[PDB]
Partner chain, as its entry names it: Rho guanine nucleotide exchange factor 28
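To begin, one chain is listed below as structure tokens, in the form solved without its partner chain.
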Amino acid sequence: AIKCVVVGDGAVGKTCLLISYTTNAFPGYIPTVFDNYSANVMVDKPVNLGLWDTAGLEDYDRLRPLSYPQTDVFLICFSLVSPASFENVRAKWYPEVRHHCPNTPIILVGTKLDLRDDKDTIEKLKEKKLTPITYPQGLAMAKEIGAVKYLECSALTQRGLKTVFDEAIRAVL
């Protein structure tokens, strides 16, 4: 099995992405405490992928890193429509992962891709003087954190969803 650990701010869509990917179902917001999912996947070919779905809420900061030993690949996730979560990629998640796992490959994943170029979402953000994260900004952030790939997905439409796991696996094999 490959151990893939998924981290990122509360509500960015970690659980939706894992459940959408393993089951084709879309939940179902219940904040995660901790869950383990597993998929037998064909990449490039069969793989047992163990997915560790972590708590994004700050109450679990002291506990979350207990999950980290032995990880094969990390997914650091941020919502493409939440600039705070994007800044936390380098302000919180990158350092927390690296504190514990200096070497383990990171994939940076921008989530809720279906909302990024949604007009109502862009309007609401604009009122707040903010704008969705664009692909080149995500790429710059991937570079700044030495992520091995930057990928965008939607758990809702499944755009980009398979490639996230193909690349997590390619990162390890």
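Residue numbers count along the first chain shown, from 1.
In terms of unmodelled positions of the deposited sequence, the stretch from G28 to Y29 in this entry skips 1 to 3 residues. The deposited sequence places 1 to 3 unmodelled residues between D44 and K45.
Checked against the record, the higher mean CA B factor of 159-167 and 18-26 lies with 18-26. For the pair 143-151 and 62-70, the mean B factor over Cα atoms is greater in 62-70.
The PDB entry assigns its highest CA temperature factor, among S38, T104, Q137, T111, to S38. The deposited CA B-factor of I133 belongs to the lowest third of values across its chain. When the modelled residues of the chain are ordered by C-alpha B-factor, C4 sits in the middle third.
The same protein also has a form deposited with its partner chain bound, omitted here; what follows describes it.
In the bound PDB entry, at least one heavy atom of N48 sits within 4.5 Å of a heavy atom of its partner chain.
The closest non-hydrogen atom of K129 lies beyond 4.5 Å of its partner chain in the bound PDB entry.
When contacts are judged by a 4.5 Å heavy atom cut-off, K119 does not count as touching its partner chain in the bound PDB entry. Put simply, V33 is close to its partner chain in the bound PDB entry: some heavy atom of it is within 4.5 Å.
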